[PDB]
Amino acid sequence: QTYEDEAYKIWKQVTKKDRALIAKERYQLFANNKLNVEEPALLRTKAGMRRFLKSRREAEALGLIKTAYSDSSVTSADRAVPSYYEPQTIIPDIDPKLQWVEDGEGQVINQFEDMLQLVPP
Amino acid sequence: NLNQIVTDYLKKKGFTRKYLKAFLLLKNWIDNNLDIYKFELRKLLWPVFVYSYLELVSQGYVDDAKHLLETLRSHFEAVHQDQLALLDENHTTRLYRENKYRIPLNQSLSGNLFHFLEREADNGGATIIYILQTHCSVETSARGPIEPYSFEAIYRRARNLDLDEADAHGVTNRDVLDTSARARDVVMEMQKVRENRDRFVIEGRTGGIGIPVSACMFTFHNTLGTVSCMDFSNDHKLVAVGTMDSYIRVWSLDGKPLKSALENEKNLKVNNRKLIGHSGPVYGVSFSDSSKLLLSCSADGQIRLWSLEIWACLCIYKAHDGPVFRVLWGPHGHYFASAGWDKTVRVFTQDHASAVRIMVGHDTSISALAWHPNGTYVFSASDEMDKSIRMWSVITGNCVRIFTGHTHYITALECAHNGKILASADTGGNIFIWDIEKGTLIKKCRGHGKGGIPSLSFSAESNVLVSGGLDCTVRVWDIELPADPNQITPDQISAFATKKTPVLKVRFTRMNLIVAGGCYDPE
Amino acid sequence: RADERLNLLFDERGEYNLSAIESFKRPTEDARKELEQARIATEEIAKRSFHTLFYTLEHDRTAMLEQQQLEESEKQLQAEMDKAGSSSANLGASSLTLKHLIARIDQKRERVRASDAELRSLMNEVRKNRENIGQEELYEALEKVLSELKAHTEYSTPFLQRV
Amino acid sequence: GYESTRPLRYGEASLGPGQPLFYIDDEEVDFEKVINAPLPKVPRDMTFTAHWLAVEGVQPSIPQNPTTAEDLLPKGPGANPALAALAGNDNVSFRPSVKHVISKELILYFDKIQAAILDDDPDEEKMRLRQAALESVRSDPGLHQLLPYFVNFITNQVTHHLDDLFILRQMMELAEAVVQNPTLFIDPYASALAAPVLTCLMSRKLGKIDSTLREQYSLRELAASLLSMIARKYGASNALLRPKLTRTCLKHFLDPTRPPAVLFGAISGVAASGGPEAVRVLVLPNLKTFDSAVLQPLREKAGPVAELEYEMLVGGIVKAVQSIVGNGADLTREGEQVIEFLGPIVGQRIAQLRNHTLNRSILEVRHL
């Protein structure tokens, strides 16, 4: 520990409980390297992906990516670990130019402003 | 009783009681593996090509050798200039033939290469195996991969070691490993690889549930109900929709600009184009086997062949009398068939302006079409009084099967990939599964709402079926339920819903993933 | 400095932003309040780190073993003191004690003008925590600080149980 | 004339009791009111979008998909009880076990493959069996139900067996095999597959004389190549993968406290993930400082092991610098300028390479 970092220690303190829980579950799943036929099965649930969406919106608050998961786009346990610890809650991203984003009126906003042209009067 | 009539009729009739392909494939496989292996893997290109060209010259097909040399010269014009010019007999050829090529390689790399070559034995791997066995000898080693900055090279250069037998025998590893900077058992090893590989097959299915699949949905906005058809290119790069205003619009599914071969349109910036020239509603579109051709049929009675390189029409076919409702390319893309209002199916080939086969026998209009995966049989269905499916023979144009049992309008048809199954759907939500050879209904699925099922699709291995309906749903069916370990049928795996978006098209990609398509209507 | 430079090297689709490349080419409460502020400041960066960096998995085994040891110690200390002493939101365990009332309020939510989060906060504030003046909060602080010492699980393992 | 957009209104006359008659309402108008009317609104142009209707059989709860409030599941006696759980519904309580979902044959296949891959006998037949198992897992067409278990198995093996070079090598090989299967959707498991690879590539302690160094460094470079390929493949579906990987590798690299192995792994990871542009724009400016910081203190170590470590670090840095691209005394002038910029060791080697375009590229960032 003589060579370390305070932030690293803080992150360890925050994430240790969840990491230990996940590791224990995984170890119980693969006992003796034989696929135990009694442990709970690995399945995808809507709650986990809801948590992932919450995390994605939180990240978007920092202005790192653009997403349309906020309800305003269309009108017409709290695990303390990074997303990659729970691969069964991730959602692949979409190209920002091909996202279903609507204005207040109810018309879909066109993202290809390069190729748009104006009809002469 | 039908059996008595059939027996009486049958009794009354007296019924008694070459190398370039492999080279390209190997190059395409080599540029796939990791960069670590490529350095050594590239060493196999020159000997194989040289030996193949020499054999072709000796075999008497000098034309093939010339074609190979002129084709592949650009790939070695910066390495083998002198040798390539020589190839344009001398002692060089005799020396090459006498001494078999030496190529160092690692054990794991050799095993991976042998496994890959066995996997594609009939696709061209046999030629490479024979060439390597006969005209080549590879000295396997237990060292690590040879790279300009790998552990092996660094150790050899730093510790001032001496070359080995493989290193001794125009690029040579000496220039790199020097301060100035085993054999093989082919044939037998193939038997060992086959025996080991055959031990890892799955030969059953019991208990459990169906497969899970994903789905990507493409929605179209502001259509206002003037869309009649849809289609995706075979590689899912373009999408075309035919409208009720007689024109067709082609998009790019990734948004990248489209390209035209006309010089006047050099590097123009647009990601969607239009194809004009029809004079009525368009009811069918079919991307060719990238895709460079497109078909379309309308209510004026014409079939048009477009071009996706210059974006203009090329020909018109005028063999129909009345509306044309469906059109379809062949499974490989030279023949196409069309059916319409006048109760007749026709088979065209793009080389001829007239139908090569006419197929009579239906009693009412046609409403569906399909092709057999081997491209010699065609399916069709009719509506109204005569709701029967038929199977014609392209060679003779005579029906060979009839399937009966439907009671509603038939909206779609689809033939399995293995070639022994047929699926059809109607406006009552029923899906049928037919056994082609025995002409017997295997089972009926259920669950879809009334309104129609415009499209169907089969998995890669022909074990899963996905159907999209006009009730804004997508459903996945299991053809064969798992063996028990001791309103809706019990073989519906999944059923998704869309936000007021009827589905007009569903496709099965290579993976367990599908792509859909529909028109969004707020009302 | 390197991170500041790199922050502008990638676009939304994980591709180089040529404009950046060309630009580069150019020539009894105050102490409680302080503790609260420190804790929030620490946890803020703790959570912000989730979208910024990876971390090696070379310590999960030790954490799992430590948690197993702590659970075993807790169970061992149990069986002794026990014998001696003888709607959608994830509200928690207390939601059982007001399940019917919450359902009725949601059905009659129009009369109640409070918001869901405000109602949850009010319930938490009013939810029961569990002759001498000062003993109660003194003992609450004592047990809270003890739990804080336990929070230093990286160092409290050897001395947890009596010798 | 039956396409008119005006509303249709029916009048009602009355011939007599029980005999009503109907007529079409129609009022005369002046041409002024017709020719002076305003045109209707122009509907917007046609466009298309995209979203995920379902991931692995579950419908994400995003704005595009319909709300759960508003016929999608069998409820007959013959319906399997696990379908509702598979659909990911919240209301479900029963949690199916591994026996209820996977077929027995799949369980047997997984057990067989796991046993075969973990054989440490140096006999040739066992090696052939291992190779056949790897080929089968790579090219089997029906493993769609075993992806999560493969990922979890790799993660567990990397986590709990940090003191066995053979096991780490086998897990690296298995991870390489899985991603190359062309009939599996690996988009949502990119980070899951990346984390073990990063841990193996950039961990201080690996395994437990020169043969051990050879094995460790070979494992490190294999992991680097695997990470590079993964980042190049699945970098678009996951938005932040490349920045995160490059940032972590750069942060770890800029730390002299690490041993030579960790620094080598960090530079390799930076080069693999960031790409040529990130290398050229991040590592080159600080090479002069890094030289005096680490190489010279290490250069004075006369130990043959220290000599090998210094050679490896120098070679790795040289390869990273050369990854950007892969005449008289102008070449000497450029080399000397590089020596002034890059440093004695790295600069001298760069000058020795005798390349003009590479030196141009290196010096193109001098003003930074």
# chains A, B, ... in the order shown; residues from 1 in each chain; ligands from 1
call {"tool": "closest_atom_pairs", "arguments": {"of": "chain A", "to": "chain D", "cutoff": "6 Å", "atoms": "only C-alpha atoms", "output": "tab-separated table"}}
result
residue	atom	partner	partner_atom	distance
A:37	CA	D:98	CA	5.1
A:38	CA	D:97	CA	5.5
A:39	CA	D:97	CA	5.7
A:40	CA	D:97	CA	4.6
A:41	CA	D:98	CA	4.7
A:44	CA	D:88	CA	5.9
A:45	CA	D:88	CA	4.3
A:46	CA	D:88	CA	5.8
A:69	CA	D:62	CA	5.7
A:71	CA	D:63	CA	5.6
A:74	CA	D:63	CA	6.0
A:84	CA	D:191	CA	5.3
A:87	CA	D:189	CA	5.8
A:90	CA	D:188	CA	5.8
A:92	CA	D:237	CA	5.4
A:93	CA	D:237	CA	5.3
A:98	CA	D:49	CA	4.9
A:99	CA	D:49	CA	5.6
A:100	CA	D:49	CA	5.7
call {"tool": "write_last_selection", "arguments": {"atoms": "C-alpha atoms", "output": "PDB file, in the first residue's frame"}}
result
ATOM      1  CA  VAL A  37     -27.804 -27.593 -12.764  1.00  0.00           C
ATOM      2  CA  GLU A  38     -29.477 -26.006  -9.707  1.00  0.00           C
ATOM      3  CA  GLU A  39     -28.241 -22.405  -9.433  1.00  0.00           C
ATOM      4  CA  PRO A  40     -30.479 -19.587 -10.709  1.00  0.00           C
ATOM      5  CA  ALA A  41     -30.240 -19.203 -14.472  1.00  0.00           C
ATOM      6  CA  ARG A  44     -32.253 -10.625 -18.760  1.00  0.00           C
ATOM      7  CA  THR A  45     -34.829  -8.568 -16.863  1.00  0.00           C
ATOM      8  CA  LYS A  46     -36.355  -5.183 -17.598  1.00  0.00           C
ATOM      9  CA  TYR A  69     -33.794   7.702 -23.709  1.00  0.00           C
ATOM     10  CA  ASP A  71     -39.108  10.636 -22.018  1.00  0.00           C
ATOM     11  CA  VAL A  74     -41.007  11.169 -27.879  1.00  0.00           C
ATOM     12  CA  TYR A  84     -19.254  -4.035 -17.405  1.00  0.00           C
ATOM     13  CA  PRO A  87     -23.195  -7.580 -19.022  1.00  0.00           C
ATOM     14  CA  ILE A  90     -26.364  -3.318 -21.562  1.00  0.00           C
ATOM     15  CA  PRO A  92     -26.175  -1.315 -27.877  1.00  0.00           C
ATOM     16  CA  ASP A  93     -26.006   2.306 -28.977  1.00  0.00           C
ATOM     17  CA  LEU A  98     -30.533   7.916 -36.864  1.00  0.00           C
ATOM     18  CA  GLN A  99     -32.265   8.526 -33.524  1.00  0.00           C
ATOM     19  CA  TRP A 100     -36.000   9.045 -33.008  1.00  0.00           C
TER      20      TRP A 100
END
call {"tool": "residues_around", "arguments": {"residues": "range 57-65 of chain A", "least_positions_apart": "6", "cutoff": "10 Å", "atoms": "only C-alpha atoms", "output": "PyMOL selection string"}}
result
(chain A and resi 51+96) or (chain C and resi 7+11-13+47-48+50-52) or (chain D and resi 239-240)
call {"tool": "residues_around", "arguments": {"residues": "residue 22 in chain C", "least_positions_apart": "2", "cutoff": "12 Å", "atoms": "only C-alpha atoms", "output": "compact mmCIF listing (two decimals) with C-alpha atoms, in the first residue's frame"}}
result
# COMPACT_ATOMS: atom_id res chain seq x y z
CA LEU C 8 -11.09 16.01 -27.74
CA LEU C 9 -9.50 13.21 -29.80
CA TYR C 16 -11.04 10.81 -34.81
CA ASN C 17 -12.25 14.41 -34.92
CA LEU C 18 -10.15 15.83 -37.75
CA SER C 19 -10.64 19.41 -36.53
CA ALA C 20 -8.81 18.60 -33.29
CA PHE C 24 -2.89 20.20 -32.82
CA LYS C 25 -0.92 20.39 -36.08
CA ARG C 26 -1.00 24.19 -35.72
CA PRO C 27 2.34 25.68 -34.56
CA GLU D 277 -3.24 9.00 -34.10
CA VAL D 281 -0.35 12.75 -30.38
CA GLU D 364 5.29 17.07 -37.13
CA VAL D 365 4.33 17.32 -33.43
call {"tool": "residues_around", "arguments": {"residues": "range 106-110 of chain A", "least_positions_apart": "3", "cutoff": "7 Å", "atoms": "only C-alpha atoms", "output": "MDAnalysis selection string"}}
result
chainID A and resid 75:76 100:103
call {"tool": "closest_atom_pairs", "arguments": {"of": "chain D", "to": "chain C", "cutoff": "6 Å", "atoms": "only C-alpha atoms", "output": "tab-separated table"}}
result
residue	atom	partner	partner_atom	distance
D:199	CA	C:56	CA	4.8
D:236	CA	C:13	CA	5.7
D:244	CA	C:53	CA	5.3
D:248	CA	C:53	CA	5.4
D:367	CA	C:27	CA	5.2
call {"tool": "write_last_selection", "arguments": {"atoms": "N, CA, C and O atoms", "output": "tab-separated table (two decimals), in the first residue's frame"}}
result
chain	number	residue	atom	x	y	z
D	199	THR	N	-7.12	-7.13	-17.63
D	199	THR	CA	-6.50	-7.58	-16.39
D	199	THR	C	-5.30	-8.47	-16.67
D	199	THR	O	-4.24	-8.32	-16.06
D	236	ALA	N	-17.94	0.62	-32.23
D	236	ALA	CA	-19.03	1.51	-32.64
D	236	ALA	C	-20.32	1.24	-31.88
D	236	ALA	O	-21.01	2.18	-31.48
D	244	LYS	N	-12.16	5.00	-23.13
D	244	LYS	CA	-11.90	4.45	-21.80
D	244	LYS	C	-10.64	3.59	-21.80
D	244	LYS	O	-9.78	3.73	-20.92
D	248	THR	N	-7.26	4.65	-19.72
D	248	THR	CA	-6.74	3.81	-18.66
D	248	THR	C	-5.29	3.40	-18.94
D	248	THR	O	-4.43	3.48	-18.06
D	367	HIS	N	6.04	21.29	-32.43
D	367	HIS	CA	5.50	22.54	-31.91
D	367	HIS	C	4.59	22.33	-30.70
D	367	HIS	O	4.31	23.30	-29.99
call {"tool": "select_by_dssp", "arguments": {"residues": "range 142-370 of chain B", "states": "strand (DSSP E or B)", "output": "number ranges by chain"}}
result
B: 206, 214-221, 227, 231-232, 238-243, 248-252, 272-275, 282-287, 293-298, 303-307, 313-317, 324-329, 335-340, 345-349, 357-359, 366-370
call {"tool": "residues_around", "arguments": {"residues": "residue 149 in chain B", "least_positions_apart": "2", "cutoff": "12 Å", "atoms": "only C-alpha atoms", "output": "VMD selection string"}}
result
(chain B and resid 36 39 144 to 147 151 to 158 176 to 177) or (chain D and resid 217 to 218 221 311 to 320 322)
call {"tool": "write_last_selection", "arguments": {"atoms": "N, CA, C and O atoms", "output": "CSV table (one decimal), in the first residue's frame"}}
result
chain,number,residue,atom,x,y,z
B,36,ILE,N,-0.1,-10.8,-35.2
B,36,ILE,CA,1.0,-11.6,-34.8
B,36,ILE,C,1.3,-12.8,-35.8
B,36,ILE,O,2.4,-13.0,-36.2
B,39,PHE,N,2.6,-12.3,-40.1
B,39,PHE,CA,4.0,-12.2,-40.5
B,39,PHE,C,4.4,-13.6,-41.1
B,39,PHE,O,5.0,-13.7,-42.1
B,144,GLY,N,8.1,-19.6,-30.3
B,144,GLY,CA,7.0,-18.7,-30.5
B,144,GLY,C,6.9,-18.1,-31.9
B,144,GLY,O,7.8,-18.4,-32.7
B,145,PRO,N,5.9,-17.3,-32.2
B,145,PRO,CA,5.8,-16.7,-33.5
B,145,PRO,C,7.0,-15.8,-33.8
B,145,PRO,O,7.5,-15.1,-32.9
B,146,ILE,N,7.4,-15.8,-35.0
B,146,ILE,CA,8.6,-15.0,-35.4
B,146,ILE,C,8.0,-13.6,-35.9
B,146,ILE,O,7.3,-13.5,-36.8
B,147,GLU,N,8.5,-12.6,-35.2
B,147,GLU,CA,8.1,-11.2,-35.5
B,147,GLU,C,9.3,-10.3,-35.3
B,147,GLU,O,10.3,-10.7,-34.6
B,151,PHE,N,9.4,-12.0,-28.6
B,151,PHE,CA,10.4,-12.5,-27.6
B,151,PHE,C,11.5,-13.3,-28.3
B,151,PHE,O,12.6,-13.1,-28.0
B,152,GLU,N,11.1,-14.1,-29.2
B,152,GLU,CA,12.1,-15.0,-29.9
B,152,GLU,C,13.1,-14.2,-30.6
B,152,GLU,O,14.3,-14.4,-30.4
B,153,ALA,N,12.7,-13.2,-31.4
B,153,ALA,CA,13.6,-12.4,-32.2
B,153,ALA,C,14.5,-11.6,-31.3
B,153,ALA,O,15.7,-11.5,-31.5
B,154,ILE,N,13.9,-11.0,-30.3
B,154,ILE,CA,14.7,-10.1,-29.3
B,154,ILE,C,15.7,-11.0,-28.6
B,154,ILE,O,16.9,-10.6,-28.5
B,155,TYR,N,15.3,-12.2,-28.2
B,155,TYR,CA,16.3,-13.0,-27.5
B,155,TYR,C,17.4,-13.4,-28.4
B,155,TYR,O,18.6,-13.4,-28.0
B,156,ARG,N,17.1,-13.8,-29.6
B,156,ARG,CA,18.1,-14.3,-30.6
B,156,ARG,C,19.1,-13.1,-30.9
B,156,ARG,O,20.3,-13.3,-30.9
B,157,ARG,N,18.6,-11.9,-31.1
B,157,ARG,CA,19.4,-10.8,-31.4
B,157,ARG,C,20.3,-10.4,-30.3
B,157,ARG,O,21.5,-10.1,-30.4
B,158,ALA,N,19.7,-10.4,-29.1
B,158,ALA,CA,20.4,-9.9,-27.9
B,158,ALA,C,21.5,-10.8,-27.4
B,158,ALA,O,22.6,-10.4,-27.1
B,176,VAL,N,17.3,-10.8,-40.6
B,176,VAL,CA,16.7,-10.2,-39.4
B,176,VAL,C,17.3,-10.7,-38.2
B,176,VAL,O,17.7,-9.9,-37.3
B,177,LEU,N,17.5,-12.0,-38.0
B,177,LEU,CA,18.0,-12.6,-36.8
B,177,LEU,C,19.6,-12.6,-36.8
B,177,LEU,O,20.1,-12.8,-35.7
D,217,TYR,N,5.8,-12.8,-21.3
D,217,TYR,CA,5.7,-11.7,-22.3
D,217,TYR,C,4.9,-12.1,-23.5
D,217,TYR,O,4.2,-11.3,-24.1
D,218,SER,N,5.0,-13.4,-23.9
D,218,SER,CA,4.2,-13.9,-24.9
D,218,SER,C,2.7,-13.8,-24.6
D,218,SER,O,1.9,-13.3,-25.4
D,221,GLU,N,1.7,-10.0,-24.9
D,221,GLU,CA,1.6,-9.5,-26.3
D,221,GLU,C,0.3,-10.2,-27.0
D,221,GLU,O,-0.3,-9.5,-27.8
D,311,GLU,N,15.9,-4.0,-23.1
D,311,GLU,CA,15.7,-4.3,-24.6
D,311,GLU,C,14.2,-4.4,-24.9
D,311,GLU,O,13.8,-3.9,-26.0
D,312,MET,N,13.4,-5.1,-24.1
D,312,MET,CA,12.0,-5.3,-24.4
D,312,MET,C,11.3,-3.9,-24.4
D,312,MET,O,10.5,-3.6,-25.2
D,313,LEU,N,11.6,-3.1,-23.3
D,313,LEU,CA,10.9,-1.8,-23.3
D,313,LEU,C,11.3,-0.9,-24.5
D,313,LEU,O,10.4,-0.3,-25.1
D,314,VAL,N,12.6,-0.9,-24.9
D,314,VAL,CA,13.0,-0.1,-26.0
D,314,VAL,C,12.3,-0.6,-27.3
D,314,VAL,O,11.9,0.2,-28.1
D,315,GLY,N,12.3,-1.9,-27.5
D,315,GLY,CA,11.7,-2.5,-28.7
D,315,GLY,C,10.2,-2.2,-28.7
D,315,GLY,O,9.6,-1.8,-29.8
D,316,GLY,N,9.5,-2.3,-27.6
D,316,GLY,CA,8.1,-2.0,-27.6
D,316,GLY,C,7.8,-0.5,-27.9
D,316,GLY,O,6.9,-0.2,-28.7
D,317,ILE,N,8.6,0.4,-27.3
D,317,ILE,CA,8.4,1.8,-27.6
D,317,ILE,C,8.7,2.1,-29.1
D,317,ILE,O,8.0,2.9,-29.7
D,318,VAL,N,9.8,1.5,-29.6
D,318,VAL,CA,10.1,1.7,-31.0
D,318,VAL,C,9.0,1.2,-31.9
D,318,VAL,O,8.6,1.8,-32.9
D,319,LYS,N,8.4,0.0,-31.6
D,319,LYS,CA,7.3,-0.5,-32.4
D,319,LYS,C,6.1,0.4,-32.3
D,319,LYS,O,5.4,0.7,-33.3
D,320,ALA,N,5.8,1.0,-31.1
D,320,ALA,CA,4.7,1.9,-30.9
D,320,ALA,C,4.9,3.2,-31.8
D,320,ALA,O,4.0,3.7,-32.4
D,322,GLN,N,6.8,3.3,-34.5
D,322,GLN,CA,6.7,3.0,-35.9
D,322,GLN,C,5.3,2.6,-36.4
D,322,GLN,O,5.1,2.6,-37.6
call {"tool": "atom_distance", "arguments": {"atom1": "CA of residue 368 in chain D", "atom2": "CA of residue 247 in chain D"}}
result
19.5 Å
call {"tool": "atom_distance", "arguments": {"atom1": "CA of residue 521 in chain B", "atom2": "CA of residue 500 in chain B"}}
result
6.5 Å
